[PDB]
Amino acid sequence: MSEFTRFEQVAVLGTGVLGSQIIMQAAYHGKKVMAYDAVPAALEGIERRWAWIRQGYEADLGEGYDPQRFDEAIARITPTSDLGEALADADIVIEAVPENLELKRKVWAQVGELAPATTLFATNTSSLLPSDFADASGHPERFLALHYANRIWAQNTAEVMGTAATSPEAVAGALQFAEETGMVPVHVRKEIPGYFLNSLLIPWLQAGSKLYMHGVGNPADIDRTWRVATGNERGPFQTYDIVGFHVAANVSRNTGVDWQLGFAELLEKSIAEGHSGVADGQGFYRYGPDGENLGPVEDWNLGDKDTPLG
């Protein structure tokens, strides 16, 4: 029989903010990586992203971060705009291209035609159902979702979710890959939109931002209540800061709900001021170079206004 147990060569499709984190995560664990992107400009300035991840790593991993390891990881990364080359020796493909269905189908048709028959196919999608484009690959039995969070070095969940077609060997292989790349692997046993992480996070974040937008409390009040009453360390607005404002704005905008559109507008105004989250050192909270919380940003607070808008 056939069973994906060897993961020495990795192909990652797309070199964006998540793509590059995924690439570095595999490279930093001693795996050769073809960093594929169709846009040459993105390839050319990829050193920018190794430096940013590098500063993320050091500030969060403490002693798990070895600058010699990071350089060897960089040296194991081969950027390329040739799909055939990216796939030629690939044991696993991790597609992380934009969340547009027609773009997924087109890239996956090419991957199924170019990649070896023994290659595990994985998508990182957060906004589409994997079974909605698994057929475009030509091999849905080897096709699953492998889902990450943000700043994956620190928040190293890997959620493996097959479709109805995905073989158990494929599920096991993807969970093995996650284990070999420093991740905490979990098996999402049915195909659902939000996996585990986003199924919990979306209702929680929504409720948090609803209380703020309706003038019921300040971000720090909501987070503190959550921390103290549940014994947790990070509440909704500390979590927004880690998710980052760009992704949070889009989600909030895609709801269609007025009050969530207001929330998105406030996040975008703060993106404009250079304050999009922990990656800028400021969002709802102020952060140092360590990533430590230096306290809440008071300009969010309601004061005596009814709501953040009025």
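Numbering starts at 1 and runs along the sequence shown.
Student: Quick one: say whether 68 to 76 or 231 to 239 has the higher mean Cα B-factor in the deposited entry.
Tutor: The recorded data point to 68 to 76.
Student: Name the higher of the two by mean Cα B-factor in the PDB entry, 267 to 275 versus 58 to 66.
Tutor: Averaging CA B-factors over each stretch, the winner is 58 to 66.
Student: Using the entry's values, work out which of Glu159, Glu95, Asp223, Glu113 has the largest Cα B factor.
Tutor: Largest recorded C-alpha B-factor: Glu113.
Student: Ranking every modelled residue in this chain by its Cα temperature factor as given in the entry, which third contains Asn293?
Tutor: Answer is highest: the recorded C-alpha B-factor places it there.
Student: Tell me, lowest, middle or highest third: where does the Cα B factor of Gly19 rank within its chain?
Tutor: Middle third, going by the recorded CA B-factors of the chain.
Student: Split the chain's modelled residues into thirds by Cα B-factor; is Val247 in the lowest, middle or highest one?
Tutor: Ranked within chain, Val247 CA B lands in the lowest tercile.
Student: Comparing against every modelled residue in the chain, figure out the third that the C-alpha B-factor of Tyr28 lands in (lowest, middle or highest).
Tutor: Middle third - that is where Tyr28 ends up once the chain's C-alpha B-factors are sorted.
Student: Just say lowest, middle or highest third for the CA B-factor of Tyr36 relative to the other modelled residues in its chain.
Tutor: Lowest third - that is where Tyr36 ends up once the chain's C-alpha B-factors are sorted.
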